[PDB]
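Heads up: the structure comes next, in structure tokens.
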Number of protein chains: 2
Amino acid sequence: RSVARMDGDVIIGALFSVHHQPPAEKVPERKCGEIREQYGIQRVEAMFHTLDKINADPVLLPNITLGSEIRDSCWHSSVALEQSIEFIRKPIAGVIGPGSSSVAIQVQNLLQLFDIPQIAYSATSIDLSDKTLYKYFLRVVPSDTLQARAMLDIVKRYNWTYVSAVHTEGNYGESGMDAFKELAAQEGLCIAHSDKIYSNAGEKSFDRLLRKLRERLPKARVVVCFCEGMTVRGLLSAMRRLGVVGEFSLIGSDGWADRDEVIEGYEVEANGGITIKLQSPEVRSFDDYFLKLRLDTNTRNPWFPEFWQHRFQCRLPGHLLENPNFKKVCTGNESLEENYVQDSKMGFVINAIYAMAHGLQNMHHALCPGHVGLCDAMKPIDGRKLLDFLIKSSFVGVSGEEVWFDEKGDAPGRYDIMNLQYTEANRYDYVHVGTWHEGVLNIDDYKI
Amino acid sequence: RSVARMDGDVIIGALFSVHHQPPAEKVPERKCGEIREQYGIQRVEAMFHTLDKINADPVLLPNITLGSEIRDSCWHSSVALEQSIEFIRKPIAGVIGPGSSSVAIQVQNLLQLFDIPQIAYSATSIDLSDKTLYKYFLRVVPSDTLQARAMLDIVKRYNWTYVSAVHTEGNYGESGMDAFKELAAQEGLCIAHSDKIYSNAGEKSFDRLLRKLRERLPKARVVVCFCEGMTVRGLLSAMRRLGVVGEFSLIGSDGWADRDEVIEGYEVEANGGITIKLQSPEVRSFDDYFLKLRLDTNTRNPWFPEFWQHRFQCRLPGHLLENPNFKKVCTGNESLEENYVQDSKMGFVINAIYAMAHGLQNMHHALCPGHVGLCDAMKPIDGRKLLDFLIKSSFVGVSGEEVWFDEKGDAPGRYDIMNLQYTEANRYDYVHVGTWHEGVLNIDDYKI
Ligand SMILES: N[C@@H](CCC(=O)O)C(=O)O
Ligand SMILES: N[C@@H](CCC(=O)O)C(=O)O
Ligand SMILES: [Gd]
Ligand SMILES: [Gd]
Ligand SMILES: [Gd]
């Protein structure tokens, strides 16, 4: 239910976490949480926006219009699987996403049965590099074999020999932590306390988690978290309910990154943190499209009305999706510019789309030479063949990056190290302090 | 392709590993290995056999005939998922199986979307006890929280303080080993070398695995293997290619059990082993049905012809499934009694069927009172309601055991400890040496 569509000649499906995951007690009936912006609306919009550009470009896919069938994943293998069934009930050419790795594996375990190439933008698990199990998977981001290596170089940087380790329950935090503990054993690094926890677990689960970490103090101060954002938020939420501040040195994975929605409200118990982030320049182009949107003109995005209400804390009279948590009426002229922050991985969301465009491009030059539009060869489009063209593609990203894939569907990349600190002004922000590229760790010591 | 059917009023689907899993290079095209007997043909036969009995019984389901749609799983999440799609393309009332835990989770992640109760007979992972993720799952066997506890009591029994740990890649060996290492940390037991490996990995993978284990010698002799049978077989296969005998003390999980197909051919490098086995008396009834089968009269089991050939190393002239590995022609009067060994879990395969029968029984007494057959209430049969009746069922097993479920779909059980040794005669066999029931470990010391 609730699907964002756009008709054309070649349809490209996509899964985006429009809402949060269903509470533990609602999983069976599959009722998703609340509306999301960074990981939801912004991605659905960046989907249409990119397509308009590609369908307006004379070089990329001359007389071929790309359509799209976007579906909500709610960041959960169950709902994401419910929607994938819809994709296989014009046929789909391929799928963009989903977000999580555990959710990606699920969707992949199905799509591969119907020969449908899948390209991710945030799934970074090493397990997906195995092409014997996930033949139809590829991504515009590098696996975590490099991130785990980066995180260890940070621990060796400040001579921390005794650290705790916490990861989010799921194929992401686990596959990443195992690679870390494997490199930690070779380096002679001792793991103090080890634990795991879901992202939707009750506060009591975090109370027990936080307590088990404090018991290892003061020798075990540094805490490595190959964790999702909501997992780090829950931990900071427990640090509040208990009344503890500055007792740990948190070092999180890309799940944290420079995301402002993770530490929003808990800047205090979050200060002094060091994080990891896939190098992705903020797309200058998207801000011009998104900020100009209006509740009256935007009609192709079904979840917009629900978004606008929760976005400005107002309700839409008589509307079906009328929010019963606010009482003041929406004017319809509010500015999205207030408290606006672009999706940290917005750049990858776009190149994942271009990777699908050029894929159909090289295939057209090979199967339908000289022709203008789709020919007998690309009717219908063969998925098994499209997979080969995708892997054999290379182009210049939306922001100027180099995009190509290897034999494992993995793409090259690098990281930027962030340090959350209180600036000269009354504000907490993520400061650019360092980078990591091919075993090289350059950290600015006077900035921390 | 190739489906075993039986028509009736209420159809019960089931997944059995008729063939082995596809080699690593054949997973994408989903081409299964060779025919299986213990985990394949015997279970398909035990399926029909039990149904004939239930449909011949006057008390259990009076005038209601149970049918069945059996499908091959090849013991692989991909093929098992391909077949589940067929189940949801008369409708199915529920599903029996599959075998592995990782494969069970896959099938469960789909069936729960269409409200179809699933009952296993060999899936023992602790993860399946979570009813928020697998609401429609239940089993006639207890989770491994008890087996891991049992294996540790065996290590403490002989005062082994330094042991190695190996498990099969997958939700089974992992969820089981983590529970072991958790209890090992509390007991102050040190884990020497730790490793993991798939069951279909190349011999080189086992050569490297075996080598990494020998390097920890002689202090690390005892080896705990929460491993599948084929994983233990591969290890013994490497012990052969290297020329090592009696260097370890292997202690395996139920994946090994008293199975003769695991150590067949490698009795030498397998002697002196101690295993775990779910208490399940060998069904006296099945042997009378199976051994009397004939290649000419058995027509409801499609995979029989293929089985008979590989069973007696002969080929069927002109037949479609003609085996091109043998040259001598099948007489058709060969006895299945030669080298016959009943499936170790044959008892659970049957009660899983009875658990489905009584489920439809209590539901009939409640929704269609007084009626003879199915009424307006059970047309069609509601899966969500059938789930409640199943959980609230209790009966006497085919061999006299107590069968009932708790709020987590788990069933009570106990284990028998086995010791593989060379008897007085020129033969290697699994000897009954002990039992484990509710924290109590009774091991006969003079029998080992
Ligand atoms: N890299 C994480 C997702 C990080 C995020 O987008 O928050 C994963 O593959 O599960
Ligand atoms: N208990 C194992 C299966 C053991 C076997 O049947 O060989 C599992 O749940 O994966
Ligand atoms: Gd693990
Ligand atoms: Gd910022
Ligand atoms: Gd025996």
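Residue names in the structure tokens use chain letters A, B, ... in the order shown, residue numbers from 1 in each chain, and ligand numbers from 1 in the order shown.
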Please list as a ChimeraX atom specification every residue within 6 Å of residue 75 in chain B, counting only C-alpha atoms and excluding residues in the same chain fewer than 2 positions away. /B:17,21,73
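All residues, whether protein, DNA or RNA, that have an atom at most 8 Å from ligand 3 (counting only C-alpha atoms and all ligand atoms) are residues 174, 175 and 178 of chain A; 174, 175 and 178 of chain B.
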I need the residue nearest ligand 1 from this list: A:319, A:345, A:364, A:49. Use only C-alpha atoms and all ligand atoms for the distance.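 Smallest separation from ligand 1 among the options: A:345.
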Tell me which protein, DNA and RNA residues are within 9 Å of residue 11 in chain A, counting only C-alpha atoms, leaving out same-chain ones fewer than 2 positions away, and put them as a PDB file with N, CA, C and O atoms, in the first residue's frame.
ATOM      1  N   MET A   6       5.775   6.342 -11.616  1.00  0.00           N
ATOM      2  CA  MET A   6       6.148   7.207 -12.730  1.00  0.00           C
ATOM      3  C   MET A   6       6.235   6.262 -13.922  1.00  0.00           C
ATOM      4  O   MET A   6       7.036   5.328 -13.917  1.00  0.00           O
ATOM      5  N   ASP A   7       5.406   6.494 -14.933  1.00  0.00           N
ATOM      6  CA  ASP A   7       5.394   5.625 -16.101  1.00  0.00           C
ATOM      7  C   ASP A   7       6.432   6.009 -17.150  1.00  0.00           C
ATOM      8  O   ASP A   7       6.860   7.161 -17.229  1.00  0.00           O
ATOM      9  N   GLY A   8       6.838   5.023 -17.946  1.00  0.00           N
ATOM     10  CA  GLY A   8       7.825   5.247 -18.986  1.00  0.00           C
ATOM     11  C   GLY A   8       8.010   3.996 -19.825  1.00  0.00           C
ATOM     12  O   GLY A   8       7.090   3.188 -19.947  1.00  0.00           O
ATOM     13  N   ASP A   9       9.196   3.829 -20.403  1.00  0.00           N
ATOM     14  CA  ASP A   9       9.479   2.663 -21.233  1.00  0.00           C
ATOM     15  C   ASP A   9      10.209   1.580 -20.442  1.00  0.00           C
ATOM     16  O   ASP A   9       9.947   0.390 -20.617  1.00  0.00           O
ATOM     17  N   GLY A  13      12.478  -0.172 -10.241  1.00  0.00           N
ATOM     18  CA  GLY A  13      11.927  -0.207  -8.899  1.00  0.00           C
ATOM     19  C   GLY A  13      12.953   0.246  -7.879  1.00  0.00           C
ATOM     20  O   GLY A  13      14.150   0.269  -8.164  1.00  0.00           O
ATOM     21  N   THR A  65      12.647   6.651 -22.137  1.00  0.00           N
ATOM     22  CA  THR A  65      12.238   7.257 -20.877  1.00  0.00           C
ATOM     23  C   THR A  65      12.184   6.241 -19.742  1.00  0.00           C
ATOM     24  O   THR A  65      11.536   5.200 -19.856  1.00  0.00           O
ATOM     25  N   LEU A  66      12.870   6.553 -18.648  1.00  0.00           N
ATOM     26  CA  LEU A  66      12.903   5.675 -17.486  1.00  0.00           C
ATOM     27  C   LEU A  66      11.774   5.993 -16.514  1.00  0.00           C
ATOM     28  O   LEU A  66      11.553   7.151 -16.158  1.00  0.00           O
ATOM     29  N   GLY A  67      11.057   4.955 -16.095  1.00  0.00           N
ATOM     30  CA  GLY A  67       9.970   5.132 -15.153  1.00  0.00           C
ATOM     31  C   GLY A  67      10.415   4.626 -13.795  1.00  0.00           C
ATOM     32  O   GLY A  67      11.590   4.310 -13.612  1.00  0.00           O
ATOM     33  N   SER A  68       9.494   4.541 -12.841  1.00  0.00           N
ATOM     34  CA  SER A  68       9.860   4.064 -11.514  1.00  0.00           C
ATOM     35  C   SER A  68       8.676   3.658 -10.648  1.00  0.00           C
ATOM     36  O   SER A  68       7.612   4.275 -10.683  1.00  0.00           O
ATOM     37  N   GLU A  69       8.888   2.601  -9.872  1.00  0.00           N
ATOM     38  CA  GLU A  69       7.887   2.077  -8.955  1.00  0.00           C
ATOM     39  C   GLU A  69       8.587   1.991  -7.603  1.00  0.00           C
ATOM     40  O   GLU A  69       9.296   1.029  -7.312  1.00  0.00           O
ATOM     41  N   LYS A  90       3.919  -3.117 -16.876  1.00  0.00           N
ATOM     42  CA  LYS A  90       5.292  -3.309 -17.328  1.00  0.00           C
ATOM     43  C   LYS A  90       6.148  -3.935 -16.232  1.00  0.00           C
ATOM     44  O   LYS A  90       6.000  -3.610 -15.054  1.00  0.00           O
ATOM     45  N   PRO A  91       7.060  -4.846 -16.609  1.00  0.00           N
ATOM     46  CA  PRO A  91       7.942  -5.517 -15.652  1.00  0.00           C
ATOM     47  C   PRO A  91       9.054  -4.596 -15.149  1.00  0.00           C
ATOM     48  O   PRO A  91       9.337  -3.564 -15.755  1.00  0.00           O
ATOM     49  N   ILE A  92       9.679  -4.978 -14.040  1.00  0.00           N
ATOM     50  CA  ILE A  92      10.761  -4.191 -13.461  1.00  0.00           C
ATOM     51  C   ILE A  92      12.093  -4.568 -14.103  1.00  0.00           C
ATOM     52  O   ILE A  92      12.342  -5.738 -14.392  1.00  0.00           O
ATOM     53  N   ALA A  93      12.945  -3.572 -14.325  1.00  0.00           N
ATOM     54  CA  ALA A  93      14.250  -3.801 -14.934  1.00  0.00           C
ATOM     55  C   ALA A  93      15.298  -4.119 -13.874  1.00  0.00           C
ATOM     56  O   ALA A  93      16.225  -4.893 -14.113  1.00  0.00           O
ATOM     57  N   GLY A  94      15.143  -3.513 -12.702  1.00  0.00           N
ATOM     58  CA  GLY A  94      16.074  -3.737 -11.612  1.00  0.00           C
ATOM     59  C   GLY A  94      15.600  -3.025 -10.360  1.00  0.00           C
ATOM     60  O   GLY A  94      14.614  -2.291 -10.400  1.00  0.00           O
TER      61      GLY A  94
END
Expected answer as a PyMOL selection string: residues within 7 Å of ligand 1, only C-alpha atoms and all ligand atoms: chain A and resi 99-102+122-125+172+228-229+254-256
With N, CA and C atoms retained, write the just-selected residues as a PDB file, in the first residue's frame.
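The resulting file, result-v5.pdb, is shown below:
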ATOM      1  N   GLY A  99      18.139  -0.293   2.128  1.00  0.00           N
ATOM      2  CA  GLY A  99      19.188   0.314   2.928  1.00  0.00           C
ATOM      3  C   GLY A  99      20.066  -0.615   3.747  1.00  0.00           C
ATOM      4  N   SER A 100      19.480  -1.315   4.714  1.00  0.00           N
ATOM      5  CA  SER A 100      20.247  -2.224   5.564  1.00  0.00           C
ATOM      6  C   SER A 100      20.798  -3.423   4.798  1.00  0.00           C
ATOM      7  N   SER A 101      21.805  -4.077   5.373  1.00  0.00           N
ATOM      8  CA  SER A 101      22.414  -5.245   4.746  1.00  0.00           C
ATOM      9  C   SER A 101      21.543  -6.482   4.935  1.00  0.00           C
ATOM     10  N   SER A 102      21.047  -6.675   6.154  1.00  0.00           N
ATOM     11  CA  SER A 102      20.191  -7.817   6.451  1.00  0.00           C
ATOM     12  C   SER A 102      18.948  -7.758   5.573  1.00  0.00           C
ATOM     13  N   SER A 122      23.782   1.894   0.344  1.00  0.00           N
ATOM     14  CA  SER A 122      24.206   1.937   1.738  1.00  0.00           C
ATOM     15  C   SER A 122      24.557   0.572   2.328  1.00  0.00           C
ATOM     16  N   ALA A 123      24.202  -0.502   1.627  1.00  0.00           N
ATOM     17  CA  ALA A 123      24.512  -1.852   2.098  1.00  0.00           C
ATOM     18  C   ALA A 123      26.014  -2.070   1.935  1.00  0.00           C
ATOM     19  N   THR A 124      26.718  -2.225   3.053  1.00  0.00           N
ATOM     20  CA  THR A 124      28.168  -2.395   3.026  1.00  0.00           C
ATOM     21  C   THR A 124      28.726  -3.689   3.615  1.00  0.00           C
ATOM     22  N   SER A 125      27.868  -4.668   3.877  1.00  0.00           N
ATOM     23  CA  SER A 125      28.326  -5.930   4.452  1.00  0.00           C
ATOM     24  C   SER A 125      29.255  -6.723   3.538  1.00  0.00           C
ATOM     25  N   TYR A 172      24.758  -6.710   9.422  1.00  0.00           N
ATOM     26  CA  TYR A 172      25.667  -5.573   9.291  1.00  0.00           C
ATOM     27  C   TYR A 172      26.644  -5.453  10.458  1.00  0.00           C
ATOM     28  N   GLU A 228      24.106   0.845  14.089  1.00  0.00           N
ATOM     29  CA  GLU A 228      23.214   1.671  13.288  1.00  0.00           C
ATOM     30  C   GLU A 228      22.984   2.947  14.085  1.00  0.00           C
ATOM     31  N   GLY A 229      22.386   3.949  13.452  1.00  0.00           N
ATOM     32  CA  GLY A 229      22.132   5.199  14.142  1.00  0.00           C
ATOM     33  C   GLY A 229      21.202   5.040  15.331  1.00  0.00           C
ATOM     34  N   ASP A 254      29.819   3.830   9.994  1.00  0.00           N
ATOM     35  CA  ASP A 254      29.044   4.704   9.117  1.00  0.00           C
ATOM     36  C   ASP A 254      27.573   4.806   9.504  1.00  0.00           C
ATOM     37  N   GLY A 255      27.121   3.923  10.390  1.00  0.00           N
ATOM     38  CA  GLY A 255      25.736   3.968  10.821  1.00  0.00           C
ATOM     39  C   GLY A 255      25.483   5.269  11.554  1.00  0.00           C
ATOM     40  N   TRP A 256      26.553   5.817  12.120  1.00  0.00           N
ATOM     41  CA  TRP A 256      26.501   7.072  12.860  1.00  0.00           C
ATOM     42  C   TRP A 256      26.776   8.208  11.877  1.00  0.00           C
TER      43      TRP A 256
END
Kindly work out which residues sit at most 12 Å from ligand 5, using only C-alpha atoms and all ligand atoms, and give the list as a ChimeraX atom specification. /B:257-261,263-264,282,339-344,418-423,427-432
For those residues, write C-alpha atoms to a file as a compact mmCIF listing (two decimals), in the first residue's frame.
# COMPACT_ATOMS: atom_id res chain seq x y z
CA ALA B 257 24.32 -38.07 16.05
CA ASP B 258 24.30 -41.82 15.37
CA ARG B 259 24.17 -41.20 11.62
CA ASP B 260 26.10 -43.87 9.70
CA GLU B 261 26.30 -41.83 6.49
CA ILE B 263 31.44 -41.62 9.09
CA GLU B 264 30.91 -44.12 6.26
CA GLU B 282 13.60 -46.03 16.13
CA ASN B 339 22.71 -52.01 4.42
CA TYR B 340 19.46 -50.55 5.74
CA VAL B 341 19.56 -47.95 8.50
CA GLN B 342 16.52 -45.95 9.63
CA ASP B 343 16.60 -42.15 9.75
CA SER B 344 17.79 -41.09 13.20
CA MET B 418 26.95 -41.62 21.92
CA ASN B 419 30.48 -43.02 21.75
CA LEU B 420 31.81 -44.37 18.45
CA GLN B 421 34.04 -47.37 19.16
CA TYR B 422 35.33 -50.64 17.72
CA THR B 423 33.15 -53.42 19.13
CA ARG B 427 32.78 -53.40 13.15
CA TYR B 428 32.57 -49.76 14.25
CA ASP B 429 29.27 -48.62 15.78
CA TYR B 430 27.71 -45.93 17.97
CA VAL B 431 27.26 -47.27 21.50
CA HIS B 432 24.65 -45.94 23.93
Define the interface residues of chain B facing chain A as those within 8 Å, counting only C-alpha atoms, and report them as a VMD selection string. chain B and resid 24 to 25 27 to 28 78 81 to 82 109 to 110 113 132 to 133 135
Spatial neighbours of residue 59 in chain A, 12 Å, only C-alpha atoms, chain gap at least 4 places, as a VMD selection string: chain A and resid 53 to 55 63 to 64 357 to 358 361 372
Selection above as a file: N, CA, C and O atoms, as a PDB file, in the first residue's frame:
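Okay, this is what ended up in selection.pdb:
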ATOM      1  N   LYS A  53      16.089  14.385 -14.890  1.00  0.00           N
ATOM      2  CA  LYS A  53      17.339  14.802 -15.512  1.00  0.00           C
ATOM      3  C   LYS A  53      17.760  13.833 -16.613  1.00  0.00           C
ATOM      4  O   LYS A  53      18.129  14.253 -17.710  1.00  0.00           O
ATOM      5  N   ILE A  54      17.703  12.539 -16.316  1.00  0.00           N
ATOM      6  CA  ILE A  54      18.080  11.518 -17.286  1.00  0.00           C
ATOM      7  C   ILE A  54      17.130  11.503 -18.480  1.00  0.00           C
ATOM      8  O   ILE A  54      17.551  11.260 -19.611  1.00  0.00           O
ATOM      9  N   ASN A  55      15.851  11.763 -18.228  1.00  0.00           N
ATOM     10  CA  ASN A  55      14.863  11.776 -19.299  1.00  0.00           C
ATOM     11  C   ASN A  55      14.891  13.099 -20.056  1.00  0.00           C
ATOM     12  O   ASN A  55      14.189  13.269 -21.053  1.00  0.00           O
ATOM     13  N   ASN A  63      16.255   8.352 -26.889  1.00  0.00           N
ATOM     14  CA  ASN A  63      14.797   8.361 -26.898  1.00  0.00           C
ATOM     15  C   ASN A  63      14.189   7.238 -26.063  1.00  0.00           C
ATOM     16  O   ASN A  63      13.295   6.524 -26.517  1.00  0.00           O
ATOM     17  N   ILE A  64      14.684   7.092 -24.838  1.00  0.00           N
ATOM     18  CA  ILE A  64      14.194   6.073 -23.918  1.00  0.00           C
ATOM     19  C   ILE A  64      13.898   6.738 -22.577  1.00  0.00           C
ATOM     20  O   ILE A  64      14.788   7.323 -21.957  1.00  0.00           O
ATOM     21  N   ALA A 357      21.241   3.530 -15.303  1.00  0.00           N
ATOM     22  CA  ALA A 357      21.008   4.193 -16.580  1.00  0.00           C
ATOM     23  C   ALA A 357      22.057   3.776 -17.606  1.00  0.00           C
ATOM     24  O   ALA A 357      21.722   3.360 -18.715  1.00  0.00           O
ATOM     25  N   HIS A 358      23.327   3.894 -17.230  1.00  0.00           N
ATOM     26  CA  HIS A 358      24.423   3.522 -18.115  1.00  0.00           C
ATOM     27  C   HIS A 358      24.397   2.028 -18.414  1.00  0.00           C
ATOM     28  O   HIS A 358      24.884   1.585 -19.454  1.00  0.00           O
ATOM     29  N   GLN A 361      22.348   1.630 -21.131  1.00  0.00           N
ATOM     30  CA  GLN A 361      22.966   2.338 -22.245  1.00  0.00           C
ATOM     31  C   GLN A 361      23.897   1.412 -23.019  1.00  0.00           C
ATOM     32  O   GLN A 361      23.740   1.233 -24.226  1.00  0.00           O
ATOM     33  N   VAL A 372      17.174   3.746 -32.506  1.00  0.00           N
ATOM     34  CA  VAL A 372      16.931   4.958 -31.732  1.00  0.00           C
ATOM     35  C   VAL A 372      16.433   4.594 -30.338  1.00  0.00           C
ATOM     36  O   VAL A 372      16.994   5.032 -29.332  1.00  0.00           O
TER      37      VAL A 372
END
Name the residues of range 82-281 of chain A that fall into strand (DSSP E) according to DSSP on the backbone, using the chain letters and numbers of this document, as a JSON list (two decimals) with N, CA and C atoms, in the first residue's frame.
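Full text of states00.json as output:
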[["chain", "number", "residue", "atom", "x", "y", "z"],
["A", 92, "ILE", "N", 9.68, -4.98, -14.04],
["A", 92, "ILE", "CA", 10.76, -4.19, -13.46],
["A", 92, "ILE", "C", 12.09, -4.57, -14.10],
["A", 93, "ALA", "N", 12.95, -3.57, -14.33],
["A", 93, "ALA", "CA", 14.25, -3.80, -14.93],
["A", 93, "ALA", "C", 15.30, -4.12, -13.87],
["A", 94, "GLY", "N", 15.14, -3.51, -12.70],
["A", 94, "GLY", "CA", 16.07, -3.74, -11.61],
["A", 94, "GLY", "C", 15.60, -3.02, -10.36],
["A", 95, "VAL", "N", 16.30, -3.23, -9.25],
["A", 95, "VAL", "CA", 15.91, -2.60, -7.99],
["A", 95, "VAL", "C", 17.05, -1.82, -7.33],
["A", 96, "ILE", "N", 16.72, -0.64, -6.82],
["A", 96, "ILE", "CA", 17.68, 0.22, -6.15],
["A", 96, "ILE", "C", 17.44, 0.10, -4.64],
["A", 118, "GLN", "N", 20.25, -6.02, -8.73],
["A", 118, "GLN", "CA", 19.98, -5.16, -7.58],
["A", 118, "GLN", "C", 21.20, -4.32, -7.23],
["A", 119, "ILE", "N", 21.01, -3.01, -7.13],
["A", 119, "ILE", "CA", 22.10, -2.10, -6.80],
["A", 119, "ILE", "C", 21.80, -1.32, -5.52],
["A", 120, "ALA", "N", 22.70, -1.41, -4.55],
["A", 120, "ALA", "CA", 22.53, -0.73, -3.28],
["A", 120, "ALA", "C", 23.35, 0.56, -3.20],
["A", 137, "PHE", "N", 23.79, -9.00, -7.32],
["A", 137, "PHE", "CA", 23.96, -7.86, -6.44],
["A", 137, "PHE", "C", 25.23, -7.08, -6.73],
["A", 138, "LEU", "N", 25.13, -5.76, -6.66],
["A", 138, "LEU", "CA", 26.26, -4.87, -6.88],
["A", 138, "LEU", "C", 25.95, -3.58, -6.13],
["A", 139, "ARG", "N", 26.98, -2.78, -5.85],
["A", 139, "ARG", "CA", 26.78, -1.54, -5.12],
["A", 139, "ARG", "C", 27.81, -0.47, -5.46],
["A", 162, "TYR", "N", 42.92, -1.47, 25.50],
["A", 162, "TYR", "CA", 41.79, -2.10, 26.16],
["A", 162, "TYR", "C", 40.50, -1.39, 25.76],
["A", 163, "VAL", "N", 39.73, -2.01, 24.87],
["A", 163, "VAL", "CA", 38.48, -1.41, 24.40],
["A", 163, "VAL", "C", 37.29, -2.36, 24.47],
["A", 164, "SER", "N", 36.10, -1.79, 24.55],
["A", 164, "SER", "CA", 34.87, -2.57, 24.59],
["A", 164, "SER", "C", 34.31, -2.60, 23.17],
["A", 165, "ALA", "N", 33.47, -3.58, 22.87],
["A", 165, "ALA", "CA", 32.90, -3.70, 21.54],
["A", 165, "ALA", "C", 31.40, -4.01, 21.55],
["A", 166, "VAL", "N", 30.64, -3.15, 20.88],
["A", 166, "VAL", "CA", 29.19, -3.30, 20.79],
["A", 166, "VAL", "C", 28.76, -3.14, 19.34],
["A", 167, "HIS", "N", 27.85, -4.01, 18.89],
["A", 167, "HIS", "CA", 27.36, -3.93, 17.52],
["A", 167, "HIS", "C", 25.86, -4.19, 17.48],
["A", 168, "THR", "N", 25.21, -3.71, 16.42],
["A", 168, "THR", "CA", 23.78, -3.89, 16.26],
["A", 168, "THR", "C", 23.45, -5.30, 15.77],
["A", 190, "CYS", "N", 43.17, -6.40, 23.07],
["A", 190, "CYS", "CA", 42.24, -7.12, 23.94],
["A", 190, "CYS", "C", 40.85, -6.51, 23.98],
["A", 191, "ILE", "N", 39.84, -7.37, 23.81],
["A", 191, "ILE", "CA", 38.45, -6.95, 23.85],
["A", 191, "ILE", "C", 37.95, -7.13, 25.28],
["A", 192, "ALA", "N", 37.58, -6.02, 25.92],
["A", 192, "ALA", "CA", 37.10, -6.06, 27.29],
["A", 192, "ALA", "C", 35.73, -6.72, 27.37],
["A", 193, "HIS", "N", 34.69, -5.92, 27.13],
["A", 193, "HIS", "CA", 33.32, -6.40, 27.17],
["A", 193, "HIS", "C", 32.73, -6.43, 25.76],
["A", 194, "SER", "N", 31.99, -7.49, 25.45],
["A", 194, "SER", "CA", 31.37, -7.64, 24.14],
["A", 194, "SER", "C", 29.87, -7.80, 24.31],
["A", 195, "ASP", "N", 29.10, -7.18, 23.42],
["A", 195, "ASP", "CA", 27.65, -7.26, 23.50],
["A", 195, "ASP", "C", 26.99, -6.93, 22.16],
["A", 196, "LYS", "N", 25.70, -7.22, 22.06],
["A", 196, "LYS", "CA", 24.93, -6.95, 20.85],
["A", 196, "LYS", "C", 23.50, -6.62, 21.25],
["A", 197, "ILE", "N", 22.79, -5.89, 20.39],
["A", 197, "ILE", "CA", 21.42, -5.51, 20.68],
["A", 197, "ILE", "C", 20.71, -4.97, 19.44],
["A", 222, "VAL", "N", 37.19, 3.39, 26.13],
["A", 222, "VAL", "CA", 36.93, 3.45, 24.70],
["A", 222, "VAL", "C", 35.93, 2.38, 24.27],
["A", 223, "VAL", "N", 34.90, 2.79, 23.54],
["A", 223, "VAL", "CA", 33.87, 1.88, 23.06],
["A", 223, "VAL", "C", 33.70, 1.96, 21.54],
["A", 224, "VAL", "N", 33.91, 0.83, 20.87],
["A", 224, "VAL", "CA", 33.76, 0.76, 19.42],
["A", 224, "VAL", "C", 32.36, 0.26, 19.11],
["A", 225, "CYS", "N", 31.61, 1.01, 18.30],
["A", 225, "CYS", "CA", 30.25, 0.63, 17.96],
["A", 225, "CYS", "C", 30.00, 0.49, 16.47],
["A", 226, "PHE", "N", 30.04, -0.74, 15.97],
["A", 226, "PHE", "CA", 29.74, -0.98, 14.57],
["A", 226, "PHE", "C", 28.23, -1.06, 14.69],
["A", 249, "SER", "N", 34.46, 6.77, 25.37],
["A", 249, "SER", "CA", 35.01, 7.37, 24.17],
["A", 249, "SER", "C", 34.44, 6.54, 23.02],
["A", 250, "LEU", "N", 33.28, 6.96, 22.53],
["A", 250, "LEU", "CA", 32.60, 6.24, 21.46],
["A", 250, "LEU", "C", 33.18, 6.45, 20.07],
["A", 251, "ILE", "N", 33.39, 5.33, 19.37],
["A", 251, "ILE", "CA", 33.92, 5.33, 18.01],
["A", 251, "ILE", "C", 32.95, 4.47, 17.20],
["A", 252, "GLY", "N", 32.07, 5.12, 16.44],
["A", 252, "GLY", "CA", 31.10, 4.39, 15.65],
["A", 252, "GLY", "C", 31.37, 4.28, 14.17],
["A", 274, "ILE", "N", 33.97, 10.13, 18.01],
["A", 274, "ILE", "CA", 34.70, 10.02, 16.75],
["A", 274, "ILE", "C", 33.95, 9.01, 15.88],
["A", 275, "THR", "N", 33.61, 9.41, 14.66],
["A", 275, "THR", "CA", 32.87, 8.53, 13.77],
["A", 275, "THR", "C", 33.51, 8.28, 12.41],
["A", 276, "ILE", "N", 32.88, 7.41, 11.63],
["A", 276, "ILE", "CA", 33.34, 7.07, 10.29],
["A", 276, "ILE", "C", 32.27, 7.52, 9.30],
["A", 277, "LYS", "N", 32.70, 7.87, 8.09],
["A", 277, "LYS", "CA", 31.78, 8.35, 7.07],
["A", 277, "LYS", "C", 32.32, 8.13, 5.66],
["A", 278, "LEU", "N", 31.53, 7.49, 4.80],
["A", 278, "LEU", "CA", 31.94, 7.27, 3.42],
["A", 278, "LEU", "C", 32.01, 8.62, 2.72]]
For a test of reading the model, state the distance in Å between CA of residue 279 in chain B and CA of residue 415 in chain B, rounded to one decimal.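 Straight-line distance from CA of residue 279 in chain B to CA of residue 415 in chain B works out to 5.1 Å.
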